[PDB]
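J.: Take this structure, written in structure tokens, and hold onto it; I'll ask about it next.
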Amino acid sequence: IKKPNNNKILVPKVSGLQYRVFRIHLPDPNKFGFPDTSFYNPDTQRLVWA
Amino acid sequence: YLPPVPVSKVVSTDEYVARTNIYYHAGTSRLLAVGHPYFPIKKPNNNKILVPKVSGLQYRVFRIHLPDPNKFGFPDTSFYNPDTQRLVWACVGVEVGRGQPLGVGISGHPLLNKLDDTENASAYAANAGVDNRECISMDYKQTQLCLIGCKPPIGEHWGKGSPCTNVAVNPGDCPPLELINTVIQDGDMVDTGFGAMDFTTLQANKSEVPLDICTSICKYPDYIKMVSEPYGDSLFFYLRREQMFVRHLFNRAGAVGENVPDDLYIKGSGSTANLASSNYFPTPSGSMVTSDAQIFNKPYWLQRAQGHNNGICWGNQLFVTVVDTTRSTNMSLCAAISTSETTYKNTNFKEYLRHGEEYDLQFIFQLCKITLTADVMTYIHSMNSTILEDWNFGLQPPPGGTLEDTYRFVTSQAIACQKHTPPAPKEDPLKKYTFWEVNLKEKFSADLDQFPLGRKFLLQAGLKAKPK
Amino acid sequence: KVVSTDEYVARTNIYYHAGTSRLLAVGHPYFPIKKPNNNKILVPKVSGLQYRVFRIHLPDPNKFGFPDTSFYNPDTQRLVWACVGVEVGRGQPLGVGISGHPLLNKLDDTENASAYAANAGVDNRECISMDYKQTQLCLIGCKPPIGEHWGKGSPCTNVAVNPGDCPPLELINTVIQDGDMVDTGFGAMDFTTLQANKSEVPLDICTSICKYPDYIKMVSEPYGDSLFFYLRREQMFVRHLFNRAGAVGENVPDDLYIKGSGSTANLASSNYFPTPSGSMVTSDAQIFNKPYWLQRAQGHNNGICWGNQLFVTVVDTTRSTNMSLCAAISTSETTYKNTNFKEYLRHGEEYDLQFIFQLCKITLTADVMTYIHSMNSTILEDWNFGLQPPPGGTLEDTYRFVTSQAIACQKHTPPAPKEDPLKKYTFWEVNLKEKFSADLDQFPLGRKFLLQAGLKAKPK
Amino acid sequence: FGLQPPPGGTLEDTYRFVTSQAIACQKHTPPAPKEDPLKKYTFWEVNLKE
């Protein structure tokens with residue numbers, strides 16, 4: 001749905017048959033520590049989510 | 001098992017808190033501001049401005065948000081349990097960078113309330129005409145100051161008070177005043193030494209002062225009341241320098257409200273038959289600036305501060321106010337509407353005024369935990385409970401009871417949208433009050449050797465290494 | 001940090017059972033019956049598609065002594081019932097009912113058309129009926145089932161709404177009340193507000209707001225005590241394809257097609273809606289008449305029913321059969337006429353409930369007391385722990401009042417027999433208080449409870 | 001590991017911001033340097049970071 005003269009959408013076109021695409025960001029683990037972090041060196045290594 | 005005893009009046013913030021072994025820094029690139037010195041620029045019909053008024057002579061506010069202790073990462077966290085405890089930042093040291101070359105600005109007014117110059121008078125002046133108002137400018141007092149605290153800065157100013165009713169107000173009377181405390185806001189006008197007050201309500205002629213200060217309320221800080229705080233948390237530290245001197249001696253031209261009784265003089269005659277106005281006002285002037293007078297561009301360092309706050313910034317929050325008079329110089333340029341004609345024309349050139357503004361913030365911080373008993377909780381909730389709101393209270397009971405939480409329907413909805421147009425609840429208690437903002441929360445670094453500021457912080461105490 | 005209830009609770013050795021005789025209900029499916037001038041209902045409106053809401057009280061255990069009561073201190077502690085296992089009896093012969101509407105917005109068949117359709121007149125509505133989606137569900141917990149539906153909200157104020165605008169939509173939770181309607185596959189919303197035509201669907205749903213459970217928000221409860229358990233089965237398939245007929249709200253931008261002419265000069269209505277069609281019913285997919293056994297549920301409640309209260313909500317489509325009978329006003333004439341016979345419609349309803357229960361005690365400390373008081377403090381009222389010292393030094397009785405010398409006019413404190421704050425919310429009720437028995441063996445249901453755990457049949 | 005073994009760091013100058021209030025041609029008059037190169041490809045988004 002869009003204004004007739006304009007090109008701006010008045011209402012988004014949506015139906016179930018549209019695919020969906022979800023993108024999900026995670027915060028960098030290696031800014032984010034733990035109750036106990038001593039178990040590793042953050043320098044020689046890194047952390048990655050699974 | 002019912003609230004137990006121990007001591008206070010207030011206490012040293014260094015009583016219960018402990019210090020950690022770890023530090024951090026972050027800082028903005030820099031900021032910039034441009035605008036017109038005297039008055040903001042808006043479309044004639046539109047209230048919304050084309051260009052903001054900007055001057056160094058305006059006060060400047062700074063409010064700096066910080067990230068959660070609880071969500072934030074550490075090379076070694078072993079030392080604590082976030083269950084029984086919380087964590088709060090500590091502010092050890094602070095810098096203010098200023099990069100512009102230094103030079104004086106100036107301000108004036110085209111129609112100035114003016115009588116004469118008594119600094120030299122060769123003869124008795126003329127007599128009251130109509131609208132002799134003139135255009136003069138002046139240099140405001142050179143000034144520097146710095147203010148740092150977890151709580152809003154409080155200044156003070158005069159204000160017109162509600163009189164009593166015994167004699168009714170006649171037109172032209174002098175209204176009594178009440179010295180008024182208020183929260184300091186952004187863009188507010190540094191007093192020039194004419195007193196912290198509202199010219200608007202108090203001066204009706206509107207021609208008394210240069211434009212900049214005409215409308216608004218110049219304000220001035222009260223050390224006493226600020227320092228008088230029980231917690232010190234208004235501001236835990238500060239510095240100031242300023243100087244001023246006299247230049248010219250003038251008078252106000254206008255009808256005399258109250259007149260000098262004769263007993264104070266001898267009745268004149270002829271040119272002395274009439275008393276000239278006895279209201280004098282000095283010409284304020286700033287003096288030679290120096291590199292030395294800069295209180296800026298140099299690190300500051302704290303250990304004991306006058307209040308009980310030591311480096312504690314509650315609510316992840318911090319305030320800074322700054323005043324520079326040194327860089328006030330305002331540039332001016334000419335845009336020719338007609339580039340063709342070779343002869344100078346006054347009508348050929350539209351004139352404009354803009355001013356440069358440069359700041360930076362670079363902040364050390366230290367990290368700290370709070371052990372919890374009810375005693376603790378008692379005292380803070382006593383002090384302010386709100387700070388307990390944002391936390392989970394270290395936990396609300398010993399087993400973490402919950403509020404029947406809010407899990408929402410929000411993130412996008414139906415093109416109906418009471419679902420929020422009326423946005424997220426609660427408040428900033430000062431959200432009413434306007435003043436500048438910046439977010440740093442992403443910018444922290446765990447290693448100081450990166451930065452000019454911090455490496456000094458080492459050099460002061462020395463590294464021996466950078467461990468942990 | 002909410003904890004698993006099974007932490008502090010302790011389980012006992014004793015079990016009981018009680019159940020209703022049976023439940024029986026009769027009503028007309030399509031609309032309620034009332035005296036024409038009066039507002040008083042002559043016959044209640046009932047059909048299988050109405051939801052059912054069962055509220056069940058239990059007597060306070062701690063009023064109920066035991067054969068040997070010594071094993072606990074009733075002072076330092078309490079007793080609270082627990083619900084181990086549950087049954088739902090249903091006795092009718094299984095068969096499908098149905099509904100329709102005499103006037104329905106419709107154009108014509110969309111499935112096959114030899115030639116283009118006719119011109120739109122005024123009111124082509126026709127008498128057509130359909131079957132509703134077959135469905136089965138079950139709901140158990142101590143807090144009422146939470147419903148949700150579409151509905152209209154208030155448009156943001158920029159454009160002033162003119163008549164004919166598209167009302168914005170709002171997603172709304174509410175408590176679920178009896179007599180409310182299952183989805184037909186048209187989704188939970190208010191037709192009454194959002195459908196002006198009032199003819200767009202068959203009768204039964206036209207009035208009220210069909211609603212549907214939200215597993216998310218419900219299961220999202222931190223204590224889970226809304227519902228701790230459930231089951232569902234349902235199915236549907238398409239049958240016919242129709243068109244609305246009415247003023248076009250919006251026309252498709254031309255670029256999505258090519259201009260017609262002649263017969264194709266004008267565009268037929270864009271709308272379509274399916275006609276849902278129930279499928280073959282089997283005796284297998286019946287979820288009832290079979291025991292259930294609970295041990296662990298998604299919530300932290302394990303069969304705890306606070307305040308002697310428990311909720312069950314169940315809806316079936318399978319018994320919807322509507323019997324139709326005829327009465328003769330004139331029994332004499334031997335020539336058949338459509339004049340002689342009035343027609344009425346009545347629909348049958350059969351329920352039964354049988355509930356196992358388990359017996360449980362609670363130790364108290366501050367932590368205990370605190371943790372509850374957080375959860376729901378009203379619970380403490382009906383117990384005896386909460387103290388609560390009162391006042392009340394002096395009074396003045398002035399007697400007597402009818403004596404017509406005026407002492408003050410008088411007594412104003414009825415306000416608190418009020419116990420259920422949900423008394424606003426009406427729904428079907430049954431009282432079990434009287435029916436408990438202490439021995440499973442004498443009941444059909446229980447002995448299975450034995451069989452499941454075995455144990456002795458007990459001697460003789 | 002801006003660079004291959006563990007020195008680290010990308011040592012031209014990093015951060016700049018030119019605005020605050022709005023007159024000058026905005027901070028966004030230059031393009032956004034940092035990229036998900038798929039930014040050309042639009043699709044629905046959600047942030048979990050918090």
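Ordering of the structure tokens sets the chain letters (A, B, ...); residue numbers start at 1 within each chain; ligands are numbered from 1 in the order shown.
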Using only C-alpha atoms, which protein or nucleic acid residues come within 10 Å of residue 3 in chain C? Drop anything in the same chain fewer than 3 positions from it, and give the result as a ChimeraX atom specification.

T.: /B:399-401 /C:6-8,223,300-301,371

J.: For the residues in the current selection, export N, CA, C and O atoms as a JSON list (two decimals), in the first residue's frame.

T.:
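Okay, this is what ended up in result.json:
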```
[["chain", "number", "residue", "atom", "x", "y", "z"],
["B", 399, "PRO", "N", 16.55, -15.30, 48.33],
["B", 399, "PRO", "CA", 16.22, -15.99, 47.08],
["B", 399, "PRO", "C", 15.44, -15.18, 46.03],
["B", 399, "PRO", "O", 14.33, -15.55, 45.64],
["B", 400, "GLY", "N", 15.97, -14.07, 45.60],
["B", 400, "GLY", "CA", 15.59, -13.50, 44.31],
["B", 400, "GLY", "C", 14.16, -13.44, 43.83],
["B", 400, "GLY", "O", 13.94, -13.77, 42.66],
["B", 401, "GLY", "N", 13.20, -13.05, 44.65],
["B", 401, "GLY", "CA", 11.82, -12.99, 44.18],
["B", 401, "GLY", "C", 11.66, -12.00, 43.05],
["B", 401, "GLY", "O", 12.46, -11.08, 42.88],
["C", 6, "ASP", "N", 9.41, -28.30, 44.29],
["C", 6, "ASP", "CA", 9.75, -29.56, 44.91],
["C", 6, "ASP", "C", 10.93, -29.45, 45.85],
["C", 6, "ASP", "O", 11.27, -30.44, 46.50],
["C", 7, "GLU", "N", 11.58, -28.30, 45.91],
["C", 7, "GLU", "CA", 12.56, -28.08, 46.95],
["C", 7, "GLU", "C", 11.96, -28.20, 48.35],
["C", 7, "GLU", "O", 12.24, -29.16, 49.07],
["C", 8, "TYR", "N", 11.14, -27.22, 48.74],
["C", 8, "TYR", "CA", 10.72, -27.15, 50.12],
["C", 8, "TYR", "C", 9.55, -28.07, 50.43],
["C", 8, "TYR", "O", 9.47, -28.60, 51.54],
["C", 223, "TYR", "N", 6.12, -18.37, 37.44],
["C", 223, "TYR", "CA", 5.79, -19.49, 38.30],
["C", 223, "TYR", "C", 5.15, -20.64, 37.54],
["C", 223, "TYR", "O", 5.01, -21.73, 38.11],
["C", 300, "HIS", "N", 7.31, -24.53, 37.67],
["C", 300, "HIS", "CA", 7.91, -25.02, 38.90],
["C", 300, "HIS", "C", 6.89, -25.62, 39.85],
["C", 300, "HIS", "O", 7.25, -26.46, 40.67],
["C", 301, "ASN", "N", 5.64, -25.19, 39.78],
["C", 301, "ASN", "CA", 4.62, -25.93, 40.48],
["C", 301, "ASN", "C", 4.69, -27.38, 40.07],
["C", 301, "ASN", "O", 4.79, -27.69, 38.88],
["C", 371, "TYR", "N", 9.42, -15.83, 50.80],
["C", 371, "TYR", "CA", 9.32, -16.25, 49.42],
["C", 371, "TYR", "C", 7.88, -16.38, 48.98],
["C", 371, "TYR", "O", 7.51, -15.96, 47.88]]
```

J.: Enumerate as a list in words the residues belonging to chain B that approach chain C to within 9 Å, with only C-alpha atoms taken into account.

T.: residues 1, 395, 397, 398, 399, 400, 401, 402, 403, 404, 405, 407, 409, 413, 414, 415, 416, 417, 418, 419 and 421 of chain B

J.: Okay, now the selection with N, CA and C atoms, as a compact mmCIF listing (two decimals), in the first residue's frame?

T.:
```
# COMPACT_ATOMS: atom_id res chain seq x y z
N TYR B 1 17.58 -10.60 60.38
CA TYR B 1 16.58 -10.82 61.42
C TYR B 1 16.35 -9.51 62.17
N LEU B 395 20.24 -9.07 45.84
CA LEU B 395 19.10 -9.81 45.33
C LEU B 395 17.96 -9.35 46.24
N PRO B 397 15.07 -10.65 47.99
CA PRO B 397 15.30 -11.43 49.21
C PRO B 397 16.63 -12.14 49.07
N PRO B 398 17.02 -13.01 49.99
CA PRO B 398 18.13 -13.95 49.72
C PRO B 398 17.82 -14.94 48.61
N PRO B 399 16.55 -15.30 48.33
CA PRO B 399 16.22 -15.99 47.08
C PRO B 399 15.44 -15.18 46.03
N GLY B 400 15.97 -14.07 45.60
CA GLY B 400 15.59 -13.50 44.31
C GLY B 400 14.16 -13.44 43.83
N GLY B 401 13.20 -13.05 44.65
CA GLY B 401 11.82 -12.99 44.18
C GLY B 401 11.66 -12.00 43.05
N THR B 402 10.62 -12.19 42.25
CA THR B 402 10.47 -11.45 41.02
C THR B 402 9.09 -10.84 40.93
N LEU B 403 8.95 -9.89 40.00
CA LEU B 403 7.86 -8.93 39.98
C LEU B 403 6.70 -9.37 39.10
N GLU B 404 6.70 -10.62 38.63
CA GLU B 404 5.76 -11.02 37.59
C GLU B 404 6.01 -10.19 36.34
N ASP B 405 7.10 -10.50 35.64
CA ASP B 405 7.75 -9.56 34.73
C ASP B 405 6.90 -9.30 33.48
N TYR B 407 7.16 -9.38 30.01
CA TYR B 407 7.61 -9.74 28.66
C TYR B 407 6.60 -9.32 27.60
N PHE B 409 4.91 -7.36 23.99
CA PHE B 409 4.36 -7.58 22.66
C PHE B 409 4.93 -6.65 21.61
N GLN B 413 4.30 -3.60 15.58
CA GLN B 413 2.88 -3.81 15.76
C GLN B 413 2.11 -3.11 14.64
N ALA B 414 0.80 -2.93 14.84
CA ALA B 414 -0.21 -3.11 13.79
C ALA B 414 -0.50 -1.89 12.93
N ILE B 415 0.29 -0.82 13.02
CA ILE B 415 -0.18 0.47 12.53
C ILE B 415 -1.47 0.69 13.31
N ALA B 416 -1.32 0.75 14.63
CA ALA B 416 -2.25 1.29 15.61
C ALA B 416 -1.53 2.21 16.57
N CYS B 417 -0.59 1.66 17.31
CA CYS B 417 0.53 2.40 17.84
C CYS B 417 0.29 3.42 18.91
N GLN B 418 -0.69 3.18 19.76
CA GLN B 418 -0.50 3.63 21.12
C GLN B 418 0.58 2.71 21.62
N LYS B 419 0.62 1.53 21.02
CA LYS B 419 1.75 0.65 21.16
C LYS B 419 2.93 1.39 20.55
N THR B 421 3.77 4.84 20.35
CA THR B 421 4.14 6.24 20.23
C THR B 421 4.46 6.79 21.64
```

J.: Give as a list in words every residue of chain C that touches chain A within 12 Å, counting only C-alpha atoms.

T.: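 That gives the following set of residues: residues 166, 168, 249, 250, 251, 252, 253 and 254 of chain C.
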
J.: Deliver the residues from the most recent selection as a file, using N, CA, C and O atoms, as an mmCIF file, in the first residue's frame.

T.:
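Result went into again.cif, see below:
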```cif
data_model
loop_
_atom_site.group_PDB
_atom_site.id
_atom_site.type_symbol
_atom_site.label_atom_id
_atom_site.label_comp_id
_atom_site.auth_asym_id
_atom_site.auth_seq_id
_atom_site.Cartn_x
_atom_site.Cartn_y
_atom_site.Cartn_z
ATOM 1 N N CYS C 166 -9.739 2.163 7.422
ATOM 2 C CA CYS C 166 -9.295 0.895 7.980
ATOM 3 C C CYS C 166 -8.956 1.060 9.450
ATOM 4 O O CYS C 166 -7.976 1.734 9.785
ATOM 5 N N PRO C 168 -7.178 0.448 12.762
ATOM 6 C CA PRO C 168 -5.954 -0.249 13.138
ATOM 7 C C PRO C 168 -6.270 -1.398 14.070
ATOM 8 O O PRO C 168 -7.337 -1.462 14.678
ATOM 9 N N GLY C 249 -12.608 -1.619 -1.000
ATOM 10 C CA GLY C 249 -11.801 -0.746 -0.165
ATOM 11 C C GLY C 249 -10.657 -0.124 -0.939
ATOM 12 O O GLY C 249 -10.414 1.081 -0.853
ATOM 13 N N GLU C 250 -9.944 -0.936 -1.711
ATOM 14 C CA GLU C 250 -8.834 -0.452 -2.511
ATOM 15 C C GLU C 250 -8.741 -1.286 -3.772
ATOM 16 O O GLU C 250 -9.009 -2.487 -3.753
ATOM 17 N N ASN C 251 -8.339 -0.648 -4.860
ATOM 18 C CA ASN C 251 -8.136 -1.341 -6.121
ATOM 19 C C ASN C 251 -6.658 -1.597 -6.344
ATOM 20 O O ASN C 251 -5.811 -0.775 -5.992
ATOM 21 N N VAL C 252 -6.359 -2.752 -6.920
ATOM 22 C CA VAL C 252 -4.962 -3.097 -7.179
ATOM 23 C C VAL C 252 -4.381 -2.096 -8.161
ATOM 24 O O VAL C 252 -5.080 -1.694 -9.111
ATOM 25 N N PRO C 253 -3.142 -1.644 -7.982
ATOM 26 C CA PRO C 253 -2.512 -0.820 -9.013
ATOM 27 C C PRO C 253 -2.527 -1.544 -10.349
ATOM 28 O O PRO C 253 -2.238 -2.739 -10.431
ATOM 29 N N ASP C 254 -2.891 -0.805 -11.399
ATOM 30 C CA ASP C 254 -3.089 -1.404 -12.710
ATOM 31 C C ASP C 254 -1.879 -2.213 -13.151
ATOM 32 O O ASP C 254 -2.022 -3.316 -13.692
#
```

J.: Which residue, A:44, A:32, A:5, A:10, has the smallest gap to chain D when you use only C-alpha atoms?

T.: A:44

J.: Residues of chain A that approach chain B to 7 Å or less, counting only C-alpha atoms: could you list each one with the shortest pair of atoms and its distance in Å to one decimal, rows by chain and increasing residue number, as a Markdown table?

T.:
```
| residue | atom | partner | partner_atom | distance |
| --- | --- | --- | --- | --- |
| A:31 | CA | B:73 | CA | 5.4 |
| A:32 | CA | B:73 | CA | 3.9 |
| A:33 | CA | B:73 | CA | 3.5 |
| A:34 | CA | B:77 | CA | 6.5 |
| A:35 | CA | B:77 | CA | 5.8 |
| A:36 | CA | B:78 | CA | 4.2 |
| A:37 | CA | B:76 | CA | 5.0 |
| A:38 | CA | B:76 | CA | 5.0 |
| A:42 | CA | B:75 | CA | 6.6 |
```

J.: Return as a count of residues only the residues belonging to chain B that are within 12 Å of chain D, counting only C-alpha atoms.

T.: 40

J.: Nearest to chain D: which of A:28, A:21, A:14, A:41 is it, counting only C-alpha atoms?

T.: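 Among the listed residues, the smallest separation from chain D belongs to A:21.
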